[PDB]
Every structure is written in C-alpha cells, then in structure tokens.
Amino acid sequence: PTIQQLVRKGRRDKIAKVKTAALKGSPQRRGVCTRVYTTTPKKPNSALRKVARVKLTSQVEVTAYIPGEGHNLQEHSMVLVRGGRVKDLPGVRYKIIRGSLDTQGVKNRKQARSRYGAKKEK
Amino acid sequence: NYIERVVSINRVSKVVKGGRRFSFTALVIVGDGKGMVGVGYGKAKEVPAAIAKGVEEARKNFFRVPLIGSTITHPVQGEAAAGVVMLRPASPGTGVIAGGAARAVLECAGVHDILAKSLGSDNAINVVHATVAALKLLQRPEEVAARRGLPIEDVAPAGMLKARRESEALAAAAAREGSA
Amino acid sequence: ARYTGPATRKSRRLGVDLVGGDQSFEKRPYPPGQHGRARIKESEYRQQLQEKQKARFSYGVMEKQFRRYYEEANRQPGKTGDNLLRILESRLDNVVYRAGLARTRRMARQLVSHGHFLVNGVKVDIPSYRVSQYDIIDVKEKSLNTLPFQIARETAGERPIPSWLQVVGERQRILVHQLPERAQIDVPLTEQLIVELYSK
Amino acid sequence: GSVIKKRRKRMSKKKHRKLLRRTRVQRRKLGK
Amino acid sequence: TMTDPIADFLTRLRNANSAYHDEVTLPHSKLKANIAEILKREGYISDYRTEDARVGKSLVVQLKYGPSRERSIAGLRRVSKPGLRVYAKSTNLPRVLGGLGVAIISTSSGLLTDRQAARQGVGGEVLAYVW
RNA sequence: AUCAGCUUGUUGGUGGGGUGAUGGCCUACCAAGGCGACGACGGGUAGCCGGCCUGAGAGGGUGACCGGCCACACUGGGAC
RNA sequence: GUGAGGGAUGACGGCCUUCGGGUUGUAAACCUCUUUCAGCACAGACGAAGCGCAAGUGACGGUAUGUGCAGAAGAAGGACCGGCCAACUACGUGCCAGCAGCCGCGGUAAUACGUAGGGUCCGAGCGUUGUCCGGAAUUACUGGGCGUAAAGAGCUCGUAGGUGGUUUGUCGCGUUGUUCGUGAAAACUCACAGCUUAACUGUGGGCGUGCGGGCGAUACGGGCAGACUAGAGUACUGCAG
RNA sequence: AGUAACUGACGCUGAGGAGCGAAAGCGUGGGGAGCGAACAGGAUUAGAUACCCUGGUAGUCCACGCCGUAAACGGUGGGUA
RNA sequence: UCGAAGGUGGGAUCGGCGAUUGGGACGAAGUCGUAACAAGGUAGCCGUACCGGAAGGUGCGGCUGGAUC
C-alpha cells in the first residue's frame, strides 16, 4: 500500500494459535484416568489404538494415547501426560508417559528403553 | 577435466490409449572452475542418455563470468521465468553461501566467495535460469569505463582497483612459479 | 573424556591411516562390519563428515572442543582453515608427539597428562594446553630415569621435527620459535570442507 | 474461474435462507 | 496532475533510451538543467542544450550510444520522491553498483556526486541513481 | 470503537488559607470555560530500564542472575 | 579420568554364509610402562604495608597445594540405521501386535513393527515435552500484491487529511557540517594482563546508534512576501446526440 | 471544436458523510389487453411437487413514498507524462 | 465539616448452568432420488419472490466464466 496508508494503519501480523492448550504452559501435567478404551484409526490403517479419557489438574478433560506393547491402566489411576500428536487418530494430542506415577514401563523391552520407561537389566 | 553437476533428474509421463509413456529429463551444469559456465537440459528415455545429452547441450552454451579474483564485481538481482536470485560479493575466506541449484552453478563457475539468496519459485530449473540471468547482468570495470569514456580510476572505487591489482600480481607470481 | 575403543577400527573405517605405520589397516582398506565392503552412495555431506571425523580423531579432541576451536578460528582476521589448523597444532600433546618424544599421539596425551612436563618452569599437566611464541618446555628432573622416557630419548632418529620445534640438547629441552605455518604444518586431509560442514 | 466455487457459495446461502424462512415467527416472538 | 518533474525527466530519458532515440525534448527547469549537466559531466549523455519555446524555455538532451549501438546509461531510478523523502548523512552515502554508478545528491553546497560529497564531507538529499 | 462524546474546583481570575516551595493544593466570589476521531471518556493486561535470546540487518520475544528507579508490608483509612 | 606400547596374513564365542568364507578384531588372552583423579602418610598456605597499644590476631581449613607409598590397580552409558540425514542382515508377527516430524509402513520374502549380531552420532551425558526467534520475502520500512489464483467499494460529489507547475527575495522549521556537555557501573567488541589451560577476573580503548548548548551552509522540502501562463475555470462563435 | 479577450495554481485524491442506484419485493389509491410466480387439471414417467399442453391470482402499468441489492463485469479506482 | 467499614434501593456490566431447540464437522458397512461437469440429455450462474421429501422448479431483470450457426 501507499506509505501514507501504512502510516495510518500499519502492519498487523497474523495470530498464532495456541498449541496444547490443556497443559497451560507446563511440560508435563498430572491427571486421573477417568476411562480407558480402544478405538479404530482412519481409512488406510487398521488397529486397536489404546486411549484414555483423563482429567488434568488444569481441570480440563482430554484424551491421551498409551504407547508400548501393554499397560495396566484402569479408572482412578495417577498418570502424567505430555505433548505429542499422532496423525492416525484425529482427536488425540497428548500421550501418557510410561514409567511415572502409576504407569508402568513396558515389559521385555531392550531397545530404546528410555522412551518406554524400562530399566537397564543388570 | 571439466566440472559436471547433476542437480535434478525428473521422470515425466505422457498418456496414450495403451497406457503411460515414460521419459527422463536431466538438468546439468558444466564448468571449468575458472569463469566458464554452461547449463544444459537433456530429455531421453533413461538417465544416462539424458545426462549425456544435457552435458553436450551445455557445452554448446558457455558464458563469461566477470569475477575479480574470487568474487563477482558488484551485487546483482536476477529475474527469470518466475525465479528471483540475489548475488552479492564477499571477502576472501568467506566461502560459497547459496542454495542447491545456485550453489551448483556458482561452484562450477569457480567463484569461491559469494552471498546468494533465492527469492521465490524454488523449482530447480527456474532457479538455475534466474542465476544465469543474474550472472549475465554483471558488468566489468573496463567496459564500464569505456562506455562512460573516462579513465578507470575515475569510475571504479579504490578498493576494487587495489584488489584487482593484487589479483594480477598473485597471478603473475603463480605463472612464474609454475613456469619452473 | 577421551576415546577408549580401538584406534585401528576407526582408522580402517575411515580408509586412511591415522598413525601411519599400521599393518592391520592397509591390508583391509575397507570399512568394518558386515556391510563395510558394500558400495555407498556418493554424497558430499558424508565426505566432509569423515574428513572432520578423522581430523578431530587423529588428535583426540572431542566434539565440543573441536567446535570451540572452529569458532575461535572463524572470528580471527585470517582465513578460517589456517587458523583452525594452527589452533589444533598448538596443543601440548600435539607438540610432544611432533617433537619426537612420543611414538603415539594417545601415548603423548597419556604422558603429558601425567605431570611429566614443565612449561616456562611451572608444572603443567593439561593435554589441551596451548603453547605460544618463544616458549620453552622441559621435563622434570626426577622423570629422566623413567624407562620409557630414556627409551624415547635414545632413539632420536625418527622423522625430524618441524623447523619451529627444536629439541636442542641431551636434556631434551624443547624450544618453539613461532606458531607453525600451513606449509610448515605438513599434515594431511582437506580443510576447507570442514569449514563448509560447520558453516551451514 | 470455476463454477464449483459459486456452487458452494450458492448452496450455503440457499440453506441459510431456507432456515431463516423456517423460523420467522419464532424469531419475531423472541426479538420483540 | 504533475507531481514529480524530476522523476518525469528520468523516465522520459529512460523510455527514449530503450527505444534508441537521439534527442529528448523537455520542459525547462533549473534543477533539470543541473541534473543534465551532472549527467553530461559523467559521460552519460552526449550533450544538452536549451531553446526558447512558445511559452517558457525547453531543454534538449542528446543521447549517446556506442559504435555497435550500446546504450550508455543502463538504469535510472528516483530515490527521494514526494511522499517519502530520503536524506543521507556524510558518513552513510550510498554506493551504486558497488561504486561503479553515480548517485546525485543535493547538498547545501550545490548538486554533487556521491564521491564528490564524500570527499567534501557533506550530506543531503539523494535525488536519483544513474548507472 | 462489537468503548464517541467527557468534565462543574471543571478551565481562568481575584482576596484570603496552607506548604520547605510554585500550583484549584483548599476556601468565598466572578467569567463559561477546558479535553476529543493525532482517539477524550470506558474495558483488558502489565512494575520500568541498563541488559538477555534470536536475526545478515531492520525487526520479533523478553525484564531470570547483576546493577539503577518505583510500589508495597494481613485488608482499608489516619496522623505523631 | 576409566589407561599407554608391541602383539597372528589376525585365538575362541556370537552373528551371517553362496557351506568357499566374512564381521566383531589388535579387539581379547599375553610381556613391559606410567600413575593423571580418587586411596594411605608428612608438611602446609596467600587472602593480613590488616587490627590492637597489647605480644595476640583466618570462618574458609589442616582446605588449596607440594613430597612420598604398592598397584592398572576404583571408574560408561544414551539415542538413531525408507528418503530428507552418518549408518544392514537373520529371526517372530502378518492390516494383529505396533511405528510415525512429512509423504506414510504392517495382510507369509518387513533394512520402516519387536528381539538378536553389526554399524553411525554423542559421551557424564543421551533422548522426550514445553516456550521464544529463525527458516517465513508467510504483515514484505529494508522486502509482497489486487484481469482469470485471495484481493478495485455499484457510481459520483465532497469534509478532515496526504500531495503539488515555472520563477524572485527572505527565515533557517525539516536537512547537513563542526565544536562542547551528557549518554553510571557491569554487559558486548578489540588489545593487554592474571589464576598450571579453560570457563572466570582485572586494566585500557571503542561501542554507548539519542538528546541539548554555541557557531557555519541554503541545493532540496517547508513558512512569509511578490511575479508568470503552459495546469484549472470563465468569456465569444459554431457542432452532434 | 475554433478564437484565445479574462482570473492567475484557484489543481489531484478523498477516511468518515451525502446523493443517485436494473429487476424482484413493501404501503396507500387507481388500472388491468397480453404475459405470467403461486394454484388447478392433461400428458410423460418406476415415480414427475418439473420440462411439454389447457386455464390462471399477485405482479408487470400509473401517482406518491419505502428497500439499497445483481455475473451492479472490462471479474481491470481516479489524475498526469 | 471531612471521613474507612457497615445498612437500604434501583440500574450497568461480565460469566457458569438450563427442560426444550437450531445449524456445523467427521465417521467400515445403510435408505431416497440424479441436481452440476460433454448442448450432462430443460445451457449454467447472479440479485429477488413464491413453491416442493431432498437435491430442486418457475416467474422478472442481468452475465458468458455457453455448445452449434
């Protein structure tokens, strides 16, 4: 535009959408697992993804994905959720950390253990 | 003993009633590293013939790059097709700072110190054409002074003349040392 | 820390002898492992990757220190490559290996880090210690009876030390006049591509 | 241009006008 | 209406150049005459003169080409235009084509070249770039 | 501005009062002024800076350590 | 810092195999070496041209640091290996279990899932999440656009505002030059110096991109006072709808 | 357009604002031939809330006011060289 | 006289819940039709009005971003 049009109005930058709004500026956030269930992915994929409806201390109800081979999560479980988006399930934007609070590390795991909360067997 | 650079190999397809007809296209740059560049585009049925045709057609188009010692004369801006590329001279020891296609063209040109930036249409072929246009847009102090009808000291700045003078001083020293 | 695994393994993987006198490397000039003999795609990034890796491993420098040396060289008014080579050459373990007192660079580090040297009369045991112009290095008098030390001094017939270095007398007193120059350095490997690797 | 764009716009406008017609008396009752 | 006689001068010169014309006729101005003199002194135009027209004076600029018809001036542009005006100090003078061009600058001493202003240590308004 | 009108010790003057000192800081009287589409009057948010991070630069984010200024001391008011 | 030298056309064992053989690999076992730091002993600070008119005065501290004692003796893990991007084979599962930043891999040959050998990048760290900047010329002052990709108001008149043809004199507001004051210290940069190097610290310049005071210039922009007719409007005579 | 006697820069654009603005539609009062949303039949069709056929009210028309929209398009703002 | 806290009164403003109710997005497999794209079998679309289970139909004015002449 004209330099006078720029003087009168100026440049207003675009707005930056908030990412992971339920964490409220925190890396991790604790919650109680209100429900555990399984759901089916989109068109070209086929599995039983393990998800959990949890209630964070932000007083926000969210869905989190449970990674690994297996888990022992039921209702009323202290879980620690963190960021992370899996493309396969459109609704989920959070993942439950394996190896903290009531969430156990996967069993018989011996590669990339840290990301799955497994101790180094001696 | 030339410098050959293959920057893009692309499989193009035509549709016929039977099915698809496949061909390969290659963009190749040939240079001697002393200030000679050539850009060739070769179409064939398979990659090696395409590369060979591109090399041969590149060798039919060479151009002179007006560089003083190790860098271009002055900043330039080049528009070609829909690509825009900016070139700026640097100081010795800087290195070549350019994106893929521009990096290939400038490495083949023999320039060692340059600031290059691509300002749209990141397609390799159009970027290469823009780089070539920017290089062709360059000017050299001798014909500038001739065009204005003035002694070269009245046209060029002091620093450029000094850098040129030490450039041919080093060139004469190198010629003497390589003679024996 | 510092590297602990076998040196011949990485020397054979790089395909270039690092010590120089190795016998198990030249007979296997191919990388190790199951698929070391397989042909690999030719990419420049990989090329200067082994260039930097062998440059920083022929000495013993870890990644962080070598990076720091790179930024130290870049800010200097001279050219980046020559500055980096000079800075790498200025270390004590490099000097003692280049002065003929050590047969192995790792041995040179293990010797200079054991407090067997004194620079300018003050005890120093820093493998990364950098020497300067007009500098004098001596060996503590108690260590002259050390068996490997006398083994090293009796065999003073190896490849002669560069011009700037001087082992002048029977006391093995090291004098350094001025920092080595590029042609004075006489060390293999390409150097501008390391600048390219770290200048992306 | 392409008539798919005008087609999308016209369908949205048509649905909204139909909805407005369907809830005339209720809207007048609430607004008053 | 006419808002920028200087830019009109520059663009008439440019358009006449790109079509390979030899004479350009213009309304006369003192600043236009000064610009034309600075252009002639730097070997960008063959000559320039003034004539009496039917109302006011007129300025005629004779362009210069090479032996094989090479245009002497490669580019003309206006920097400080009505609206946004540009002023430069004595220690931030611009460089055209890395120094191979000429930047006309109006200072309190008169109308000078960027090198003339740098040598005399003054500053002013950057009227145009010619190269 | 999906907040266009706001102000009556409010704008000026005079005689007094008060203060360390100028002053509607206060009081009695007189004049009807003063601010605003260069955003008055409303709503939201926030301690400010030298600096710090990023960036070729312009710019963007920020005010942790260290240093300077301000404000506060369970909440509100007051004075010795 | 968890060791250094030499050591076979290069022991096993694991894993592949085209059943020949190859990788781990000089790696291991082996004979010498030195002890860094910790370990056990002995001595033991500077900080104090201090304080005190009484003979004393260090919290750190018996600490840093030196001189000895036998011995390699006490010291390594974390990610990744479709392509972007350094690095492959076997086995088990078969659209299940599962992976994933993008495109996307799994339905009996998976270098992509999981486990083994191998390899690559780092190493007292390695990965993950969150936040900000960059790449993004993707709010474009530097540095973008509006026929058909998003983008010219349905069309005019006009208020505030923005901009303005040729020329004469003056002011010195914008502009520009010089000089002076200020711009705390620390921070940044350059140089030097100090602690065995480093991180760290000190010293001396620069930076502190602005503001104000005095003095100079008057081309351009602007104000004030004039002039001109080429823009604009009017006047006279004809024209078409 | 011609003459150029006259004024002597009085020009350009224009945020908000105001005016004008096809057709359909609304209010009051007229008018009503033809055409014709809606509404009736007939036909086609698996069904035809349509296309085709026969009728046909509002409207189209006039006076005075409202609304203020169109593929209101050259999908192209105005002034100047 | 001024004066914090408190009492009474009518408004202003910003939010949560709410029986019932409207539209929007996405879903391995469902029912009804055929509206647009070739003159898509009645050219399509724009503003407006009426009508119909639904896409949709028709009247008035406009556009070519409509095929053949």
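Chains as they are written, first to last, in the numbering used here: chain A, 1013 to 1134; chain B, 17 to 196; chain C, 3 to 202; chain D, 78 to 109; chain E, 38 to 168. All C-beta atoms, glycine included, are put in the ideal place defined by N, C-alpha and C.
| Check | Outcome |
| --- | --- |
| Buried versus exposed, by CB contacts within 10 Å (16 or more), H118/C | buried |
| Residues that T82/C contacts on chain B, provided the C-beta gap is smaller than 7 Å | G109 |
| Stretch-stretch touch, CB-based, cutoff 8 Å, three pairs: the stretch 84-99 of chain E with the stretch 180-188 of chain B | no |
| Chain B within 8 Å of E74/E, Cβ atoms only | no |
| 3 or more residues per run - each beta strand (DSSP E) lying fully within the stretch 103-170 of chain C | 119-121, 137-141, 167-169 |
| C-beta neighbour in chain B for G112/E, strict 8 Å | no |
| Rounded C-alpha distance that separates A189/B from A196/B | 11 Å |
| Classification of residue 1/C by the beta-carbon crowding that lies within 10 angstroms, buried from 16 upward | The first residue shown for chain C is 3 and the last is 202, placing residue 1/C beyond what the model contains. |
| Beta-carbon spacing of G70/B, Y57/B below 8 Å | yes |
| Minimum Cβ-Cβ distance from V97/C to chain B less than 8 Å | no |
| Alpha carbon of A114/B to alpha carbon of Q135/C, nearest angstrom | 39 Å |
| Chain E contact for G165/B (CB, 8 Å cutoff) | yes |
| Assigned exposure category for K1029/A - 16 Cβ within 10 Å defines buried | exposed |
| Neighbour-count burial assignment, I88/B, 16 or more Cβ in a 10 Å radius | buried |
| Contacts around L199/C, its chain only, beta-carbon distance under 6 Å, and the 5 residues preceding and following it disregarded | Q50, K54 |
| Close-in-space but distant-in-sequence residues of the same chain around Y99/C (CB under 7 Å, 5 per side omitted) | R107, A110 |
| DSSP state of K1062/A mapped onto helix, strand, coil | strand |
| Residue 224/B - DSSP class collapsed to helix/strand/coil | Outside the modelled stretch of chain B, which goes from 17 to 196, sits residue 224/B, for which no answer is possible. |
| Neighbour flag for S55/E against chain B, beta carbons, 8 Å | no |
| Chain-ordered neighbours of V197/C on chain B, where CB pairs are closer than 7 Å | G111 |
| Validate contact between the stretch 144-157 of chain E and the stretch 124-131 of chain E using beta carbons, cut 8 Å, 3 pairs | yes |
| Beta-carbon proximity check, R1061/A vs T1051/A, cutoff 8 Å | yes |
| Validate contact between the stretch 1038-1048 of chain A and the stretch 1084-1094 of chain A using beta carbons, cut 8 Å, 3 pairs | yes |
| 7 Å Cβ cut-off: residues of chain B touching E79/E | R164 |
| is_contact[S45/C, chain B] using C-beta, thresh 8 Å | no |
| Between the CA atoms of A111/E and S143/E - distance to the nearest angstrom | 22 Å |
| Spatial neighbours of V63/B in its chain, beta-carbon cut-off 8 Å, leaving aside the 5 residues before and after | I25, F40, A42 |
| CB contact check: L137/E to chain B, cutoff 8 Å | yes |
| Beta-carbon separation (whole angstroms), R49/E vs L68/E, contact threshold 8 Å | Contact flag wrong, Cβ pair sits at about 15 Å. |
| Where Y72/C sits in the DSSP three-state scheme | helix |
| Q194/C - containing alpha helix (DSSP H), residue span | 194-200 |
| Integer Cβ distance of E162/E from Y124/E, believed to fall under 8 Å | 5 Å |
| Local conformation of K1055/A per DSSP, three classes | coil |
| Per-residue DSSP class, three states only, for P64/E | strand |
| Run of the beta strand (DSSP E) containing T144/E, from where it starts to where it stops | 139-144 |
| Touch test, the stretch 149-167 of chain B against the stretch 80-94 of chain B, Cβ-Cβ under 8 Å, three pairs minimum | yes |
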